[PDB]
Amino acid sequence: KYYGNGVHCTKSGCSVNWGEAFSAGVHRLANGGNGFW
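In UniProt numbering, each residue's number is its place in the sequence shown (first place is 1) plus 24.
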């Protein structure tokens with residue numbers, strides 16, 4: 025049962041990979057916008 029960015033729950037309790045998700049959220053913060061930020 026995979027999930028969004030850096031999230032993986034599968035043991036009756038999540039185990040979100042906070043690293044992939046922190047960079048994912050940043051990436052989202054600056055997805056594009058035809059720029060560099």
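For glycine and all other residues, C-beta sits at the position ideal for the given N, C-alpha and C.
Same chain only: Cβ atoms within 7 Å of residue i, ignoring 5 sequence neighbours per side
i	result
residue 25	33 and 34
residue 48	29 and 30
Chain C contact for residue i (CB, 8 Å cutoff)
i	result
residue 46	Looking for chain C here will not work: only one protein chain is present.
Per DSSP, the bridge partner or partners of residue i
i	result
residue 27	In the DSSP output, where bridge partners are listed per residue, residue 27 has none listed.
residue 32	26
Closest Cα partner of residue i within the set the options
i	options	result
residue 41	27, 51 and 58	27
Coarse secondary structure for residue i, derived from DSSP in three states
i	result
residue 39	coil
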